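J.: Mind having a look at this structure? Questions to follow.
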Amino acid sequence: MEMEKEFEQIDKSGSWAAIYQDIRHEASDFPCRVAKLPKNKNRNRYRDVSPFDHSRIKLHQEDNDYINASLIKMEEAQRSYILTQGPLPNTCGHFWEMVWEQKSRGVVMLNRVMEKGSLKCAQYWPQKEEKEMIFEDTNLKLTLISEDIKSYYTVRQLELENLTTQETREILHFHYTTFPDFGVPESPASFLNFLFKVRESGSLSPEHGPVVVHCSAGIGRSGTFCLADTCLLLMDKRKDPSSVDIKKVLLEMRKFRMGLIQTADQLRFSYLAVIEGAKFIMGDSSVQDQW
């Protein structure tokens, strides 16, 4: 496959930094006026990571409709993702309101609450069955239903209830707990196994609203997850591991949210994942068992 030729030639000449810088230079720049309004300062985790106005998710409140979240709509792949920052202590209600209004079935969390000894995300889901959470501002109730903990990720079944209406929904929470503080995993196997666990759940499927994906800023690891998934989908649709250009798909996604893929490392790991994942896509269904 042509992607494996490119990977090996970029590696051979140690120009990943150069390739990645090129992507930074060519990436879209759109306005983020609403994110930057004074009233929204405390709704943003990082001053340098903002949703573009044109693709931002709007909350359906007439109060303040702002949340730091972007709709990434991949037209050809026929997949949509919402990428958002890790909820702040004051934005957990907004987060779950978005999940509700967007009709999402899955939340994919790619960070730990604490990394590098600092808090990266608020504790926005309940950790015990008997202690549900109520978000008074958005009138939603959230209850931990079950939790399946594996060595490198955890899946939880949550019940989200709209207290206004009393309709309830099941949300699946996919928590990848072993993406390293620095660098990236040496093997994409754990990551791919995770992604396919999300896929098998139905969470990425067209019957539902777009999956919600976040890490701390919602661009690095979040970008890696969506990039790999979309690339594998395009390869599957076309059955042509050669026609799928990962740098172009990445640039396409960056039309919808800035900064997707934060380091040359994450770029290289993205190639790694797509290359290894394409073995499964192309008819070798046994590679999933070895992941």
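By order of appearance in the structure tokens: chains A, B, ..., then residues from 1 within every chain, and ligands from 1 in the order shown.
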Could you produce a table of the residues of segment 160-180 of chain A lying within 10 Å of segment 99-109 of chain A, with the nearest pair of atoms per residue and their separation in Å rounded to one decimal, using only C-alpha atoms, ordered by chain and increasing residue number, as a tab-separated table?
T.:
residue	atom	partner	partner_atom	distance
A:160	CA	A:100	CA	7.9
A:161	CA	A:100	CA	8.8
A:162	CA	A:100	CA	7.9
A:168	CA	A:100	CA	9.6
A:169	CA	A:105	CA	8.2
A:170	CA	A:105	CA	7.0
A:171	CA	A:105	CA	5.0
A:172	CA	A:106	CA	4.7
A:173	CA	A:107	CA	4.9
A:174	CA	A:108	CA	4.8
A:175	CA	A:109	CA	4.7
A:176	CA	A:109	CA	6.2
A:177	CA	A:109	CA	8.3
J.: Include N, CA, C and O atoms and write out the residues we just selected as a CSV table (one decimal), in the first residue's frame.
T.:
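So the final result, stored in out_14.csv, reads:
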chain,number,residue,atom,x,y,z
A,160,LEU,N,-28.6,8.8,30.9
A,160,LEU,CA,-28.7,10.2,30.9
A,160,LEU,C,-30.2,10.5,30.9
A,160,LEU,O,-30.9,10.0,30.0
A,161,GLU,N,-30.7,11.2,31.8
A,161,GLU,CA,-32.2,11.6,31.9
A,161,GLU,C,-32.4,13.1,31.8
A,161,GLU,O,-31.8,13.9,32.5
A,162,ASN,N,-33.3,13.4,30.8
A,162,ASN,CA,-33.7,14.8,30.7
A,162,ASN,C,-34.8,15.1,31.8
A,162,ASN,O,-35.9,14.6,31.6
A,168,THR,N,-35.2,9.1,29.0
A,168,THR,CA,-33.9,8.6,29.4
A,168,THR,C,-33.2,8.0,28.2
A,168,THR,O,-33.8,7.5,27.3
A,169,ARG,N,-31.9,8.1,28.2
A,169,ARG,CA,-31.1,7.5,27.1
A,169,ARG,C,-29.9,6.8,27.7
A,169,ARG,O,-29.4,7.1,28.8
A,170,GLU,N,-29.5,5.7,27.0
A,170,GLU,CA,-28.2,5.0,27.4
A,170,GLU,C,-27.1,5.6,26.7
A,170,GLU,O,-27.1,5.8,25.4
A,171,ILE,N,-26.1,6.1,27.4
A,171,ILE,CA,-24.8,6.6,26.7
A,171,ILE,C,-23.7,5.6,27.1
A,171,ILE,O,-23.6,5.2,28.2
A,172,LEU,N,-22.9,5.3,26.1
A,172,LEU,CA,-21.7,4.4,26.4
A,172,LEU,C,-20.5,5.4,26.5
A,172,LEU,O,-20.3,6.2,25.6
A,173,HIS,N,-19.7,5.1,27.5
A,173,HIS,CA,-18.5,5.9,27.8
A,173,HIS,C,-17.3,5.1,27.5
A,173,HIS,O,-17.1,4.1,28.2
A,174,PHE,N,-16.5,5.4,26.5
A,174,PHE,CA,-15.3,4.6,26.2
A,174,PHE,C,-14.1,5.4,26.7
A,174,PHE,O,-13.8,6.4,26.1
A,175,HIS,N,-13.5,4.9,27.7
A,175,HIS,CA,-12.4,5.7,28.3
A,175,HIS,C,-11.0,5.0,28.1
A,175,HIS,O,-10.7,3.9,28.8
A,176,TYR,N,-10.2,5.5,27.2
A,176,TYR,CA,-8.9,5.0,27.0
A,176,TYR,C,-7.9,5.6,28.0
A,176,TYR,O,-7.7,6.8,28.0
A,177,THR,N,-7.4,4.8,28.9
A,177,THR,CA,-6.7,5.3,30.0
A,177,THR,C,-5.2,5.2,29.9
A,177,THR,O,-4.4,5.7,30.8
J.: Can you pull out every residue from segment 111-253 of chain A that DSSP, working from the backbone, puts in alpha helix (DSSP H), and format the result as a ChimeraX atom specification?
T.: /A:189-200,221-238,246-253
J.: Write out as a list in words which residues come within 9 Å of segment 63-65 of chain A when counting only C-alpha atoms, dropping same-chain ones fewer than 6 positions away.
T.: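 My reading of the contact set: residues 39, 40 and 57 of chain A.
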J.: Suppose we keep N, CA and C atoms; can you now write the selection as a PDB file, in the first residue's frame?
T.:
ATOM      1  N   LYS A  39     -17.856  37.113  27.575  1.00  0.00           N
ATOM      2  CA  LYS A  39     -18.754  36.271  28.366  1.00  0.00           C
ATOM      3  C   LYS A  39     -18.386  34.786  28.316  1.00  0.00           C
ATOM      4  N   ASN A  40     -17.603  34.384  27.317  1.00  0.00           N
ATOM      5  CA  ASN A  40     -17.244  32.964  27.181  1.00  0.00           C
ATOM      6  C   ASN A  40     -15.847  32.546  27.690  1.00  0.00           C
ATOM      7  N   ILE A  57     -20.663  23.605  17.769  1.00  0.00           N
ATOM      8  CA  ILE A  57     -21.921  23.086  18.250  1.00  0.00           C
ATOM      9  C   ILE A  57     -22.610  24.170  19.074  1.00  0.00           C
TER      10      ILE A  57
END
J.: Please provide as a PyMOL selection string all residues within 12 Å of residue 76 of chain A, with the sequence filter that same-chain residues fewer than 4 positions apart are discarded (counting only C-alpha atoms).
T.: chain A and resi 80+230-231+233-238+244+249+252-253
J.: If you measure from atom CA of residue 268 of chain A to atom CA of residue 120 of chain A, what distance in Å do you get, rounded to one decimal?
T.: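 Atom-to-atom, atom CA of residue 268 of chain A to atom CA of residue 120 of chain A, that is 24.1 Å.
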J.: Could you give me, as JSON, numbers by chain, each residue of segment 43-214 of chain A that DSSP assigns to strand (DSSP E) when run on this structure's backbone?
T.: {"A": [56, 57, 58, 66, 67, 68, 69, 70, 71, 72, 73, 74, 79, 80, 81, 82, 83, 84, 106, 107, 108, 109, 114, 115, 118, 119, 133, 134, 135, 140, 141, 142, 143, 144, 145, 146, 147, 148, 149, 153, 154, 155, 156, 157, 158, 159, 160, 161, 162, 167, 168, 169, 170, 171, 172, 173, 174, 175, 176, 211, 212, 213, 214]}
J.: Kindly indicate which residue among A:278, A:262, A:155, A:83 lies nearest to residue 226 of chain A, using only C-alpha atoms for the distances.
T.: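 Smallest distance to residue 226 of chain A is found for A:83.
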